[PDB]
Amino acid sequence: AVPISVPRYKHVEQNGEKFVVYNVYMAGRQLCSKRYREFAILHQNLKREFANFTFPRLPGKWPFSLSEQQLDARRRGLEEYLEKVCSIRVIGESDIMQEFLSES
């Protein structure tokens, strides 16, 4: 397993919208800060590019607004997802993942 982690989530404000971002680290160094919907897009993109793999489930949506505890659970689930997919070299090194794990 590669040393990928998502040790923090944060409530942010930007362009007038309030939302949550998840801060992704590799070997203790921060790579990106991204909202859940960007992870959902990453998942779709990876599945289409790596069409012959069967990907693990991304943490899912809920029928209600998330509590703090659920934000923390979502964070943990996103970390578990990244631990799995990033530990596969062709996926971990893909242009898709390298773009995701960076700041514009």
# chains A, B, ... in the order shown; residues from 1 in each chain; ligands from 1

call {"tool": "residues_around", "arguments": {"residues": "segment 19-30 of chain A", "least_positions_apart": "2", "cutoff": "8 Å", "atoms": "only C-alpha atoms", "output": "list in words"}}
result
residues 2, 3, 4, 5, 6, 7, 8, 9, 10, 11, 12, 13, 17, 32, 33, 34, 35, 36, 75 and 101 of chain A

call {"tool": "residues_around", "arguments": {"residues": "segment 53-67 of chain A", "least_positions_apart": "6", "cutoff": "8 Å", "atoms": "only C-alpha atoms", "output": "PyMOL selection string"}}
result
chain A and resi 40+43+47+74+77-78+81+84-85

call {"tool": "select_by_dssp", "arguments": {"residues": "chain A", "states": "strand (DSSP E or B)", "output": "ChimeraX atom specification"}}
result
/A:4-14,17-26,29-34

call {"tool": "select_by_dssp", "arguments": {"residues": "chain A", "states": "alpha helix (DSSP H)", "output": "PDB file with C-alpha atoms, in the first residue's frame"}}
result
ATOM      1  CA  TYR A  36     -16.686  14.873  -3.003  1.00  0.00           C
ATOM      2  CA  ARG A  37     -18.095  15.540  -6.443  1.00  0.00           C
ATOM      3  CA  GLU A  38     -14.541  15.731  -7.838  1.00  0.00           C
ATOM      4  CA  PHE A  39     -13.805  12.294  -6.362  1.00  0.00           C
ATOM      5  CA  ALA A  40     -17.034  11.080  -8.014  1.00  0.00           C
ATOM      6  CA  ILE A  41     -15.795  12.406 -11.357  1.00  0.00           C
ATOM      7  CA  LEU A  42     -12.350  10.854 -10.782  1.00  0.00           C
ATOM      8  CA  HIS A  43     -14.044   7.511 -10.154  1.00  0.00           C
ATOM      9  CA  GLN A  44     -16.055   7.749 -13.394  1.00  0.00           C
ATOM     10  CA  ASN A  45     -12.966   8.728 -15.342  1.00  0.00           C
ATOM     11  CA  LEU A  46     -10.768   5.966 -13.925  1.00  0.00           C
ATOM     12  CA  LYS A  47     -13.437   3.313 -14.554  1.00  0.00           C
ATOM     13  CA  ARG A  48     -13.780   4.318 -18.200  1.00  0.00           C
ATOM     14  CA  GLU A  49     -10.030   4.509 -18.874  1.00  0.00           C
ATOM     15  CA  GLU A  68     -19.981  16.129  10.933  1.00  0.00           C
ATOM     16  CA  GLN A  69     -19.629  12.461  11.829  1.00  0.00           C
ATOM     17  CA  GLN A  70     -20.709  11.495   8.326  1.00  0.00           C
ATOM     18  CA  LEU A  71     -18.262  13.948   6.797  1.00  0.00           C
ATOM     19  CA  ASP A  72     -15.550  12.226   8.815  1.00  0.00           C
ATOM     20  CA  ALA A  73     -16.790   8.792   7.665  1.00  0.00           C
ATOM     21  CA  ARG A  74     -16.821  10.009   4.066  1.00  0.00           C
ATOM     22  CA  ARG A  75     -13.239  11.241   4.521  1.00  0.00           C
ATOM     23  CA  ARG A  76     -12.175   7.825   5.831  1.00  0.00           C
ATOM     24  CA  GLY A  77     -13.971   6.098   2.944  1.00  0.00           C
ATOM     25  CA  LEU A  78     -12.261   8.319   0.360  1.00  0.00           C
ATOM     26  CA  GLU A  79      -8.924   7.498   1.961  1.00  0.00           C
ATOM     27  CA  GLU A  80      -9.673   3.768   1.781  1.00  0.00           C
ATOM     28  CA  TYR A  81     -10.634   4.126  -1.892  1.00  0.00           C
ATOM     29  CA  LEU A  82      -7.428   5.979  -2.744  1.00  0.00           C
ATOM     30  CA  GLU A  83      -5.309   3.486  -0.772  1.00  0.00           C
ATOM     31  CA  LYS A  84      -6.663   0.774  -3.068  1.00  0.00           C
ATOM     32  CA  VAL A  85      -6.597   2.407  -6.508  1.00  0.00           C
ATOM     33  CA  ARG A  89       0.759   1.271 -10.541  1.00  0.00           C
ATOM     34  CA  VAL A  90      -0.983   1.819 -13.908  1.00  0.00           C
ATOM     35  CA  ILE A  91      -3.828   3.627 -12.145  1.00  0.00           C
ATOM     36  CA  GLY A  92      -1.669   5.444  -9.592  1.00  0.00           C
ATOM     37  CA  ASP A  95      -2.517  11.035 -16.275  1.00  0.00           C
ATOM     38  CA  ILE A  96      -5.978  10.995 -14.714  1.00  0.00           C
ATOM     39  CA  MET A  97      -4.697  10.367 -11.187  1.00  0.00           C
ATOM     40  CA  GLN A  98      -1.684  12.637 -11.558  1.00  0.00           C
ATOM     41  CA  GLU A  99      -3.965  15.491 -12.625  1.00  0.00           C
ATOM     42  CA  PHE A 100      -6.348  14.797  -9.732  1.00  0.00           C
TER      43      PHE A 100
END
